[PDB]
């Protein structure tokens, strides 16, 4: 029950093996790292980016940068497999004009979590975010526009795609501590890809 959200279960199941290979290729150029929040805390989720712009912490805040601050080189180009999956998902959900220029890649080891937050660094909050889940299952939690709104929970499994549009694009959301387990393609972790329109164009 999330206004504006389109859940496409197992939409990415047939693409997962290529997606994971391309994650590894991206990570060999811009490695996974645990960023430090403006509050001074080290995140348990490891992240990297591909595309023209990448989400990062920097100067005690959040922003999109064309340079990876850990490598001092541009983020790797967005793989074609990523772009094609995102476009197919966005078109199926009713957002044919969506043109992402950034993809944040999250890696969750057992016990890793992501506390409640909103995604508000993008210039046009009318553009959706496309989320792709790979590997171990996670409990996704989301509330509302206010931090105190009631929480709902949704299990996200390998291959699930969610297009967060309309009101749901602005919900507070997070991930609960990942349960340990085995997945044949990721072994012991979960990956999440979130495609964003980050450029002011």
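Numbering follows the first chain given and starts at 1.
Student: Mean C-alpha B factor from the entry: is it higher for 13 to 21 or for 183 to 191?
Tutor: It is 13 to 21 that shows the higher mean C-alpha B-factor.
Student: 29 to 37 versus 146 to 154: which one carries the higher mean Cα B factor per the record?
Tutor: Higher of the two, by average CA B-factor, is 146 to 154.
Student: Which has the highest CA B-factor per the PDB entry: 118, 72, 106, 84?
Tutor: That would be 84, according to the entry.
Student: Splitting the chain's C-alpha B-factors into thirds, which one does residue 55 fall into?
Tutor: Its C-alpha B-factor, which the entry lists for residue 55, ranks in the lowest third among residues of this chain.
Student: Please rank the C-alpha B-factors of the chain's modelled residues and tell me whether residue 172 sits in the lowest, middle or highest third.
Tutor: Middle third of the chain for residue 172's C-alpha B-factor.
Student: Comparing against every modelled residue in the chain, figure out the third that the C-alpha B-factor of residue 79 lands in (lowest, middle or highest).
Tutor: According to the entry, residue 79 has a C-alpha B-factor in the chain's middle third.
Student: Splitting the chain's C-alpha B-factors into thirds, which one does residue 125 fall into?
Tutor: Highest third - that is where residue 125 ends up once the chain's C-alpha B-factors are sorted.
Student: Using the B-factors in the PDB entry, rank residue 135's C-alpha atom against the chain and give the third, lowest, middle or highest.
Tutor: Lowest third of the chain for residue 135's C-alpha B-factor.
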